[PDB]
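Peer 1: Next one to model:
(one chain, ligands or ions: 2)
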Amino acid sequence: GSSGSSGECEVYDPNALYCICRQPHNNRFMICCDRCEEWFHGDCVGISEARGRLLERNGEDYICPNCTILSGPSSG
Ligand SMILES: [Zn+2]
Ligand SMILES: [Zn+2]
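Peer 2: Numbering: from 1, shown residues only. Ligands and ions are numbered 1, 2, ... in the order given. Next comes the structure:
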């Protein structure tokens, strides 16, 4: 049977999971990874509010842990 529900969008929706902790975007600090290109919470991924803030202004490429944890740096 025809299935599809494309209506209003919000964070409240519990079905919306981003961070690895399976939690909605809350006040918690969030950053945009480059490896997995996913949304996570600083505290969760360790990255502190400040640690990330700089990565922006400075111009550094943040790399969540869950990513590196898998494999080391480039070049195997
Ligand atoms: Zn989280
Ligand atoms: Zn990542």
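Peer 1: ok, which stretches of this protein are helices?
Peer 2: Counting by DSSP state H, the chain has helices at residues 42-45, 49-54, 65-70.
Peer 1: so how far is the shortest one off the chain centroid?
Peer 2: Mean C-alpha position of helix 42-45 versus that of the full chain (CA atoms, centre = their mean, to the nearest Å) differs by 9 Å.
Peer 1: Stretch 36-47 too?
Peer 2: 4 Å.
Peer 1: Return the set of buried residues in that stretch.
Peer 2: Neighbour-count burial for stretch 36-47 flags 40-42, 44-45, 47 (criterion: 16 or more other CB atoms under 10 Å). The C-beta positions use only the backbone N, C-alpha and C, and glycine is treated the same way.
Peer 1: Any chance of the residues you listed in TSV with distance to ligand 2 as columns?
Peer 2: Output for the buried residues of stretch 36-47, formatted as TSV (distance: CB to the ion, whole Å):
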residue	distance to ligand 2
40	7
41	12
42	13
44	12
45	8
47	11
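Peer 1: Give me the subset of those residues that also touch ligand 1.
Peer 2: Restricting the buried residues of stretch 36-47 to those touching ligand 1 (CB under 5 Å from the ion) yields 41, 44.
Peer 1: what does this structure put close to ligand 1?
Peer 2: Neighbours of ligand 1 within the chain, by CB under 5 Å from the ion: 19, 21, 41, 44.
Peer 1: Thanks a lot, see you next time.
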